[PDB]
Amino acid sequence: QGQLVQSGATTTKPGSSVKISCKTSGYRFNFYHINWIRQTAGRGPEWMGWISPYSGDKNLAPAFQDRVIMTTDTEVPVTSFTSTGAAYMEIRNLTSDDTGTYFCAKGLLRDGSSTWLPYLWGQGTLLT
Amino acid sequence: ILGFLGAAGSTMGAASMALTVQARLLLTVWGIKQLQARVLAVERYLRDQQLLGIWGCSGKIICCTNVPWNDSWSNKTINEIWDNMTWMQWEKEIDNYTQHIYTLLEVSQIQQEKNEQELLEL
Amino acid sequence: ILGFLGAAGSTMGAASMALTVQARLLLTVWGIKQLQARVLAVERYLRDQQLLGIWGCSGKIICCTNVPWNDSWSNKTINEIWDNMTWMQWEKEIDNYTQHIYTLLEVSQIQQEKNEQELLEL
Amino acid sequence: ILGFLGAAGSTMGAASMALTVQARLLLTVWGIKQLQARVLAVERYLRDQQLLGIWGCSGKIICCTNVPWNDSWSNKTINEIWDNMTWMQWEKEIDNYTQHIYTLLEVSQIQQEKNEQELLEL
Amino acid sequence: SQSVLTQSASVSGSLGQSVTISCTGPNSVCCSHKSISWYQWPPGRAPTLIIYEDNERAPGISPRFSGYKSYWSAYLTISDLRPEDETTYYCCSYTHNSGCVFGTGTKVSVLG
Ligand SMILES: *[C@@H]1O[C@H](CO)[C@@H](O[C@@H]2O[C@H](CO)[C@@H](O[C@@H]3O[C@H](CO[C@H]4O[C@H](CO)[C@@H](O)[C@H](O[C@H]5O[C@H](CO)[C@@H](O)[C@H](O)[C@@H]5O)[C@@H]4O)[C@@H](O)[C@H](O[C@H]4O[C@H](CO)[C@@H](O)[C@H](O)[C@@H]4O)[C@@H]3O)[C@H](O)[C@H]2NC(C)=O)[C@H](O)[C@H]1NC(C)=O
Ligand SMILES: *[C@@H]1O[C@H](CO)[C@@H](O)[C@H](O)[C@H]1NC(C)=O
Ligand SMILES: *[C@@H]1O[C@H](CO)[C@@H](O)[C@H](O)[C@H]1NC(C)=O
Ligand SMILES: *[C@@H]1O[C@H](CO)[C@@H](O)[C@H](O)[C@H]1NC(C)=O
Ligand SMILES: *[C@@H]1O[C@H](CO)[C@@H](O)[C@H](O)[C@H]1NC(C)=O
Ligand SMILES: *[C@@H]1O[C@H](CO)[C@@H](O)[C@H](O)[C@H]1NC(C)=O
Ligand SMILES: *[C@@H]1O[C@H](CO)[C@@H](O)[C@H](O)[C@H]1NC(C)=O
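Residue numbers (the entry's author numbering), protein chains in the order written: chain D, 1 to 52, 52A, 53 to 72, 72A to 72H, 73 to 82, 82A to 82C, 83 to 100, 100A to 100F, 101 to 110; chain B, 519 to 545, 569 to 663; chain B', 519 to 545, 569 to 663; chain B'', 519 to 545, 569 to 663; chain E, 0 to 9, 11 to 27, 27A to 27C, 28 to 95, 95A, 96 to 106, 106A, 107. A prime marks a further copy of an entry chain.
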């Protein structure tokens, strides 16, 4: 029930690395995972991996394990159930194959079997 | 588990387990003040036991009843309550209808022992 | 219904319905007097709960037992009691034997959990 | 029977019968002292009722449970306990493990209404 | 594209009618041992969780959308086609400690 604003549209060239932000608000940032998804021109959507703002635990697909730098800050509490945090996204070996729109997605629940499911999406950032 | 109120910021499904931990620790200027707080402690406690009694829950920690969940109280699913909201989040959302459901539990208990009394007439 | 003690001059059959209304409102010179009445209120209340407990009625509002109605207490029919006399009329007529029936309910409860204890031995 | 504490030096099998006798009589310098003892009397009593409640024994005088008798507490037979030792002899021998069994009864009651809650889900 | 979880390619419908979209793959990603999530996804924009855990709807999802999962495929039905349904729908297979294995996509046209 909050916003997940991201960075702008930064376009570099292959071999480099790009940093993408994801500033949260309106919800307890520590209670829900932060997923990272992308839709490239060449495939469809592809799940990259989620990170736990509380457990500090990461799980990412083997297709993006040795490329992605994924971190979070620590929420700045606003009220008892509101906070403001940030998740960051980087990649190693960059090409024009990874060109596409990228968003972050907050988890669905806090317990059960669909805890991390990307429910609340960001806005999208266009890569190289 | 976690201790007294240990799962206050936890999901309602996790906090609902092992509720006997917040059930144990519920019960001259210094002397009068201390005796004042001792009498009040038994009054607030017996009010909850008085309520559990006239609901058929006298002795229960989890107590199912007959009153159906009116969606006017909350149109949320069971999964988006017990696996998401905390016990302090939930009853702020129900705070208004809390006095309405106390009346519903009492009539469903007086219309249960009254149907039970006719049952044992045979 | 009628409120607190609303059916005091009504028939025992009408007053016996919705008994949770007289069950809710049962529980320095000004300060000592007020605290004196607060402690007494919990004592008189717990005495009734103590009695309901050692009768198997702990939690009941209407509680059937095993003790048969001795006609020496009252040779009146059920119809000329519940549809005629009021609750205040009735217990003046039973006032004498009231202490005799309190003893009968207690032995019928200690000779019920003792027969229940042998039941679960198998 | 024998009265209040009448079977204190009797066998545990004889004293276990008619336990409603020690269950009834359980509940300014003179004034403050007398009110001090009145409040303490209700506190000590409700602690025992609080314990009986979170064990499923709320209302019971003899209450069987699920916790098996660990022979580490006492390797004595039932016959050499209930027909020989007195109630004051017994709990001196169990005095150490008494706080261990209070914890066992509480988890066997929270893991009984929780299995009961899933039972009524169907 | 290399999505092991194939969908119903494309499908059409009309206002007031109901559609159905397939979503099946090999035994490595489907189905009796995996949950199925359904996403409404306009072209390269803000997605929307329609249905999770086979048949469960997200908060506020219209009662039109339904879910079903047999032992080899999962189905997404769009009852009572309203005009605002022209988009592409993706499925995803997942457990509790895994990730979304997305689907190939299915464009739905409501032209009528
Ligand atoms: C405070 O609030 C936070 C946030 O709400 C709570 O953290 C969340 O707790 C829930 C449930 O406790 C978590 O959901 C579970 O997620 C696990 C996934 O863990 C598995 O995979 C991880 C990554 O692959 C891995 O780290 C785990 O391995 C262990 O090691 C890490 C070390 O980092 C350790 O921290 C872990 O605890 C693990 O022990 C593990 O392999 C998932 O498996 C769970 O599903 C199981 O359990 C549920 C029932 O709970 C059941 O329905 C399933 O079928 C399955 O059996 C479950 O989904 C969630 O991930 C946590 N984090 C979030 C939401 O960000 C925290 O618990 C709260 N604490 C208190 C005290 O209130
Ligand atoms: C729900 O509550 C309202 C009053 O708040 C009442 O009018 C209505 O009949 C109730 N409906 C159900 C289904 O309980
Ligand atoms: C309870 O009533 C107040 C009236 O001022 C209202 O503002 C509030 O929204 C109500 N609670 C809920 C949960 O709707
Ligand atoms: C009735 O009570 C009297 C004593 O008041 C007793 O002697 C008699 O046995 C009782 N009879 C029945 C049938 O209970
Ligand atoms: C109770 O005992 C008194 C003894 O003085 C007697 O007068 C009275 O009639 C008795 N009550 C009834 C209902 O018989
Ligand atoms: C008995 O109690 C001890 C601890 O006092 C425990 O280690 C043991 O497992 C128990 N055994 C049984 C059979 O209950
Ligand atoms: C209880 O513990 C004390 C420790 O000082 C020990 O001496 C005593 O024997 C124990 N009780 C029993 C019944 O073994």
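Beta carbons: idealized from backbone N, C-alpha and C, even for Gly.
Between residue i and chain B, is any beta-carbon pair separated by less than 8 angstroms?
{"i": "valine 570/B'", "result": "no"}
{"i": "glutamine 575/B''", "result": "no"}
{"i": "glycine 76/D", "result": "no"}
{"i": "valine 583/B''", "result": "yes"}
{"i": "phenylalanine 72H/D", "result": "yes"}
{"i": "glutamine 658/B''", "result": "yes"}
{"i": "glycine 2/D", "result": "no"}
{"i": "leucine 102/D", "result": "no"}
{"i": "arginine 98/D", "result": "yes"}
Taking the alpha helix (DSSP H) that residue i belongs to, which residues open and close that run?
{"i": "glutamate 657/B''", "result": "639-660"}
{"i": "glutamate 83/E", "result": "Per DSSP, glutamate 83/E belongs to no alpha helix (DSSP H) and is neither H nor E."}
{"i": "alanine 578/B", "result": "570-594"}
{"i": "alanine 541/B", "result": "539-542"}
{"i": "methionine 535/B", "result": "No alpha helix (DSSP H) holds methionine 535/B; DSSP gives it neither H nor E."}
{"i": "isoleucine 622/B'", "result": "620-623"}
{"i": "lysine 633/B''", "result": "628-635"}
Hey, could you find the ends of the beta strand (DSSP E) residue i is sitting in?
{"i": "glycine 88/D", "result": "88-94"}
{"i": "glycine 64/E", "result": "62-66"}
{"i": "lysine 103/E", "result": "102-105"}
{"i": "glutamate 46/D", "result": "45-51"}
{"i": "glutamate 81/D", "result": "78-82"}
{"i": "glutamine 1/D", "result": "It is not in any beta strand (DSSP E) - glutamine 1/D carries neither H nor E in the DSSP assignment."}
{"i": "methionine 69/D", "result": "67-71"}
{"i": "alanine 71/E", "result": "71-75"}
{"i": "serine 528/B'", "result": "No beta strand (DSSP E) holds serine 528/B'; DSSP gives it neither H nor E."}
{"i": "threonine 24/D", "result": "22-24"}
{"i": "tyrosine 49/E", "result": "45-49"}
Taking Cβ positions only, does residue i come closer than 8 angstroms to chain B'?
{"i": "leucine 592/B''", "result": "no"}
{"i": "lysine 655/B", "result": "yes"}
{"i": "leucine 661/B", "result": "yes"}
{"i": "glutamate 647/B", "result": "yes"}
Can you find a C-beta in chain B'' that's less than 8 angstroms from the C-beta of residue i?
{"i": "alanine 578/B", "result": "no"}
{"i": "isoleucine 635/B'", "result": "no"}
{"i": "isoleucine 651/B'", "result": "yes"}
{"i": "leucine 545/B'", "result": "no"}
I'd like to know if residue i contacts chain E, where contact means its C-beta is closer than 8 angstroms to some C-beta of that chain.
{"i": "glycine 106/D", "result": "yes"}
{"i": "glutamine 64/D", "result": "no"}
{"i": "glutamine 6/D", "result": "no"}
{"i": "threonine 87/D", "result": "no"}
Using a Cβ-Cβ cut-off of 8 angstroms, state whether residue i counts as contacting chain D.
{"i": "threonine 100/E", "result": "yes"}
{"i": "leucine 46/E", "result": "yes"}
{"i": "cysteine 27C/E", "result": "no"}
{"i": "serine 2/E", "result": "yes"}
{"i": "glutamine 630/B", "result": "yes"}
Exercise. Below 7 angstroms between beta carbons is the criterion; list the residues of the segment 595-625 of chain B that meet it against any residue of chain B'', in chain order.
Key: Listed by position along the chain: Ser599, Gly600, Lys601, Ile602, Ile603 and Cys605.
Quiz prompt | Heavy atoms of ligand 6 versus C-beta positions, residues under 5 angstroms | solution = Those residues placing their Cβ nearer than 5 angstroms to any heavy atom of ligand 6 are, following chain order, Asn611/B'' and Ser613/B''.
Quiz item: Counting Cβ pairs closer than 8 angstroms, one from the segment 593-606 of chain B and one from the segment 588-605 of chain B', do we hit at least three?
Solution: Output reads yes: the segment 588-605 of chain B' touches the segment 593-606 of chain B.
Quiz item: Hey, is the segment 602-621 of chain B in contact with the segment 642-656 of chain B, meaning 3+ C-beta pairs nearer than 8 angstroms?
Solution: The segment 602-621 of chain B is in contact with the segment 642-656 of chain B.
Exercise. Spell out a yes or no on whether the segment 576-594 of chain B' and the segment 579-591 of chain B'' are touching, meaning 3 or more CB-CB pairs, one atom from each, closer than 8 angstroms.
Key: Verdict: yes, contact present.
Quiz item: Taking contact to mean at least 3 C-beta pairs separated by less than 8 angstroms, is the segment 619-633 of chain B in contact with the segment 521-532 of chain B'?
Solution: No: fewer than three Cβ pairs fall under 8 angstroms.
Exercise. Check each residue's C-beta against every heavy atom of ligand 7 and list, in chain order, those closer than 6 angstroms.
Key: Look at which beta carbons fall closer than 6 angstroms to any heavy atom of ligand 7; those residues are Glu634/B'' and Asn637/B''.
Quiz item: Do the segment 32-45 of chain E and the segment 72-90 of chain E make contact, defined as three or more Cβ pairs closer than 8 angstroms?
Solution: Contact holds: three or more Cβ-Cβ distances are below 8 angstroms.
Quiz prompt | Residues in the segment 521-542 of chain B having any Cβ partner in chain B'' nearer than 8 angstroms | solution = So the close ones are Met535, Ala536, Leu537, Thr538, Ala541 and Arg542.
Exercise. Would you be able to state if there are at least three C-beta pairs under 8 angstroms between the segment 74-88 of chain E and the segment 35-54 of chain E?
Key: The answer is yes - the segment 74-88 of chain E touches the segment 35-54 of chain E, with three or more Cβ pairs under 8 angstroms.
Quiz prompt | the segment 37-47 of chain D / the segment 8-19 of chain D touching (three or more Cβ pairs under 8 angstroms) | solution = No: the two stretches stay apart, fewer than three of their Cβ pairs being nearer than 8 angstroms.
Quiz item: Are there three or more Cβ pairs, one per stretch, closer than 8 angstroms when the segment 71-79 of chain E is compared with the segment 85-95 of chain D?
Solution: Verdict: no, contact absent.
Practice problem: Closer than 7 angstroms, Cβ to Cβ, to anything on chain D: give me those residues from the segment 58-70 of chain E, in chain order. | Solution: Of all residues in the segment 58-70 of chain E, none is placed with a Cβ closer than 7 angstroms to any Cβ belonging to chain D.
Quiz item: Is it a yes or a no for the segment 62-72 of chain D touching the segment 73-81 of chain D, going by three-plus beta-carbon pairs under 8 angstroms?
Solution: Three or more beta-carbon pairs separated by less than 8 angstroms link the segment 62-72 of chain D to the segment 73-81 of chain D, which places the two stretches in contact.
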